[PDB]
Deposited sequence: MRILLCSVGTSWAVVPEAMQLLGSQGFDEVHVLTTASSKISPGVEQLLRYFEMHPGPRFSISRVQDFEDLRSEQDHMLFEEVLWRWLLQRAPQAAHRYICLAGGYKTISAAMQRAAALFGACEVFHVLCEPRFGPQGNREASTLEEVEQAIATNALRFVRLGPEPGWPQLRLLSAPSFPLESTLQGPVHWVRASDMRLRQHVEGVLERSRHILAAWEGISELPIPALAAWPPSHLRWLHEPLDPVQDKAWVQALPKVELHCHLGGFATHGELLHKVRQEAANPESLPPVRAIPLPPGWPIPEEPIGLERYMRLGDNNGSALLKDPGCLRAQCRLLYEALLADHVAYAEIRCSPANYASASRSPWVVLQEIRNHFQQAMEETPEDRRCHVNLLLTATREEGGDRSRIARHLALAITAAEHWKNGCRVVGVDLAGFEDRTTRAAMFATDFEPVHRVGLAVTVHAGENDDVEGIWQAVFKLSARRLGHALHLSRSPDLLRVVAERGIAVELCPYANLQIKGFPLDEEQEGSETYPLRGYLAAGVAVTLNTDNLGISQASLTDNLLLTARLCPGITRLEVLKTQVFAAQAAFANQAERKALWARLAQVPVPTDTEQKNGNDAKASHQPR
């Protein structure tokens, strides 16, 4: 199969010479494109007369309706679009596309060359004939007789400029996505482009290709491979320090991962608390709303308040209030709404089913209700914006308290691990009672033996033996509030090399323990996020308690800018990638999460 595409200006004789590129074999098809100038119509007439003879191949003639003459650049873009659509239509494949640039304007010849370079062509050539067929033999061929004479006498020169392979993303473009409106007027078609779509599509493809090629060297240094298509200025902006106030919209639009969120600390005070109370199935059993004033300057107090006061700040919600089934349902639904409004894509929520169990509601019933409410909230949301929520069961140790709650939480987690295989799942346990009790560990071999994962939640104690025991005796895969890893360099090295994640909650850590804010240089009491990042630790930024901390995940990501002097937003993306890798997800959840993370928002402040 072999077709020929030509552009013709005032000289019509190029086409009869053009078919002689292959000699006697000729072309299987011939197609011609011209402009609307009246000076070509007689040439069209002679072309038709020539085409009457030699009826071997199938012939056609087109013309651009809107291109009378080249008056400005707008005519050039119009002709470019029409020529591109004509090339796609009349030449479905580039392996048998032959393009002749002889006729037309010099701009038209350049456009034909560029179209061949873009969409591909089998051969591109230019026809030359010596001037010995004309008035006194001083002109090139102009009528049929001398055209045939030149054909028979081999008086034509062909410069095969060579094949053009085209670009990979433009070589598979199809004709009917960008159609032409051909009007048959005799044996010649007349074509016109309705829209401009093809030019913007090609320009976008070329810009994306240039951006990918520019950033191709640093593929491994980008946390998300989809960032190579970013323009170099956008990547330079990505490598600048994060701004807490200017980058609010960019962080807000980011797809995030939440790995440390307590269910019972969500609607602890305010409008959310009243909304949860108003949904109670038994309003007469609701305890009265206690008076729990917030510390002045909340959520950023003048001085840290400690873990005890921070726990007591969330007493209007939790064990007391979530024993109501309606309150529990409203709590789960509102937590999912909060997660959706923050563009979270994957969430792990910490729950205590035995804390909300009653005489008629076993812990299994409470766990089933929580999981079913979350699954229902997930299935209602469209998949493009759906946040996948998994569950972690907290096993809190009490100082001198009962061991029964821990044992039944472990058994509940073991059973719910294989009870549910799709949607919302119980993915592990949160051993949050490891402080002042363990510097007695046999309780958790059944957890390991069934494939449940373990995260150990620190208790404000500054010792490093607890972290050691969590890593090596509890086989923990994540660490909560491990803010003193740097004090033991060997422990920090072990945590980095074993791929153990560290869950950091900026607002909770600032409120409970306190760190200097807006210090120009890193000091001895600086937040350990940047030091952990430099040490090779997979660091996650979380919320801990949405209600008590009075801050969202976007707010924590923005506060890391004030806690860590000169942290870059590339490191924010790194934290998100670390969170995605540290999640207790399976192959399908991980695939969906990676698909969601690739859609990083485009910056709008790349102007300096």
Sequence ranges absent from the coordinates, based on the deposited chain and numbered from 1: 440-443, 613-625
